[PDB]
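Taking it in order: structure first as structure tokens, then the write-up.
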Amino acid sequence: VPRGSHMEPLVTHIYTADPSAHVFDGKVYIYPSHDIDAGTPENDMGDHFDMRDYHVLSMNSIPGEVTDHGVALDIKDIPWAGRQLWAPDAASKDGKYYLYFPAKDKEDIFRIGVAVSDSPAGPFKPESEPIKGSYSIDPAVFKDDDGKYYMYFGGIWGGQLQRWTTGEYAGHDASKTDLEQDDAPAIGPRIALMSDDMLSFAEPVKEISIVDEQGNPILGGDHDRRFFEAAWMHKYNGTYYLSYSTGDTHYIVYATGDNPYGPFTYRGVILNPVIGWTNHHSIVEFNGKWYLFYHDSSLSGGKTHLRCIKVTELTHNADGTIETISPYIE
Ligand SMILES: OC[C@@H]1O[C@H](O)[C@H](O)[C@H]1O
Ligand SMILES: O[C@@H]1[C@@H](O)[C@@H](O)CO[C@H]1O
Ligand code: NA
Ligand code: NA
């Protein structure tokens, strides 16, 4: 049946989270996390999120029937992975499709791997090792207008970004949260231009600066605005929009800049807090309308780790500002 009409769950037969939506072959393909009721301990390191595979979803229209293409990748077939298949993303180049995914290696350190297919629906064959120089979580692979592809990535707390300040993992006894200096600039998300073959980074990883309207860095203590996880890039009017989750304050927010590397100036809220702790989204144009894909814990009755994806229309103003969405008003 058709789905996505009135902010209802897009699928109910499985739990789904962290929707990354793309337009490939005139369809919307969605690359979400596949939530399962593992019943593992819930804590601020995210051990309750113990996902083990990915299903690709597609829609020919919004609203529309949602197709579940089955298991596109299973952790049992990823040679380097130990546990926890978290939020993935996809890219298309020269007739090949690339699924990028964060997972903990055998030493319990998050890395980002790639898997390859001839179809946007998968299934995908994983590379035997993760991307060299990758770390932390939540990749968003963005194809710019000029044909260059960039990976945005990172997540603090359980995503371990705060343990990579030196370019090497600081260890399991290092910070469980952030830099632990609230008066210093907050940790920024990461960016790297992708190699021509889409399997590696083409440059040393850069950190993105996010500033307030006065041009001052967003500080570590500013949990309402500072980067937590779920980086996403889209463009409107030639302007670059870095959006992201703030985590413990439960917002999707956005910041704007004039190039992929920033700096980005904080503008405001995309999505107010939902049912359940996490908030994760993507923003995509389809048939000349812009859509915000997101999730909540509504279908499971509020369980943090059993989510469902939803969609709603997103409105840019001509000046580039975006109207804030509150999830449960209409
Ligand atoms: O859903 C698993 C993790 O929680 C957050 O939603 C984050 O963005 C993702 O990697
Ligand atoms: O620290 C984790 C974070 O990595 C994300 O998974 C959301 O849940 C928190 O507990
Ligand atoms: Na994302
Ligand atoms: Na606003």
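None of the figures in this text is laboratory data; all of them are computed from the coordinates on show. Here the Cβ positions follow ideal geometry from the backbone for every residue, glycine too, while neighbour counts run over all protein chains shown.
One residue stands out among those in segment 246-286 that are among the aromatic types (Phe, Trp, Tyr) and within 22 Å of residue 43 (Cα to Cα): the one that is farthest from ligand 3 (Cβ to nearest atom), which is 277. Evaluation of residue 237 against the conditions (1) over 19 Å from the mean Cα position of the chain (by Cα); (2) under 30 Å from residue 39 (Cβ atoms); (3) surrounded by fewer than 17 Cβ atoms within 10 Å (Cβ to Cβ) shows that the sole unmet condition is (2).
When each of 44, 37, 18, 77 is tested for being in contact (Cβ under 8 Å) with a residue 40 or more places away in the chain and surrounded by 23 or more Cβ atoms within 10 Å (Cβ to Cβ), the lone residue that passes is 18. Counting only residues that are crowded, with 21+ Cβ neighbours inside 10 Å, within 15 Å of ligand 2 (Cβ to nearest atom) and either of a type in the set (A, V, I, L, M, F, W, C) or touching a residue at least 60 places away in the same chain (Cβ under 8 Å) (or both), segment 85-117 holds 8 of them. One residue stands out in segment 167-176 among those that are without any contact (Cβ under 8 Å) to a residue 60 or more places away in the chain and within 23 Å of residue 244 (Cα to Cα): the one that is surrounded by the most Cβ atoms within 10 Å (Cβ to Cβ), namely 175. Scanning segment 111-126 for residues that are among the hydrophobic types (A, V, I, L, M, F, W, C) and within 16 Å of ligand 1 (Cβ to nearest atom) turns up at least one hit. Number of residues in segment 207-253 that are away from ligand 1 (no atom under 16 Å from the Cβ) and within 19 Å of residue 293 (Cβ to Cβ): the value is 4.
Residue 120: touching a helix residue (DSSP H, G or I) at 6+ places or on another chain (Cβ under 7 Å) and surrounded by fewer than 23 Cβ atoms within 10 Å (Cβ to Cβ), yes or no? When the stated conditions are applied, residue 120 does not pass them. Listed by position, the strands (runs of 3 or more DSSP E) inside segment 32-100 whose residues that are within 21 Å of residue 278 (Cα to Cα) and out of contact with any helix residue (DSSP H, G or I) (no Cβ under 6 Å at 6 or more places or on another chain) number at least 1 are 53-59, 81-83, 89-93.
Restricting attention to segment 287-303 and to residues that are among the hydrophobic types (A, V, I, L, M, F, W, C) and crowded, with 17+ Cβ neighbours inside 10 Å, the residue that is farthest from ligand 3 (Cβ to nearest atom) turns out to be 299.
Here the condition is being touching a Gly at 6+ places or on another chain (Cβ under 7 Å) and not acidic (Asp, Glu); of 259, 237, it holds for 237 alone.
When 266, 328, 291 are screened for being away from ligand 1 (no atom under 16 Å from the Cβ) and in a loop (DSSP other than H, G, I, E, B), only 328 passes. Residues of segment 94-131 that are charged (D, E, K, R) and touching a strand residue (DSSP E or B) at 6+ places or on another chain (Cβ under 7 Å): 96, 104, 105, 106, 108, 111, 118, 125, 127.
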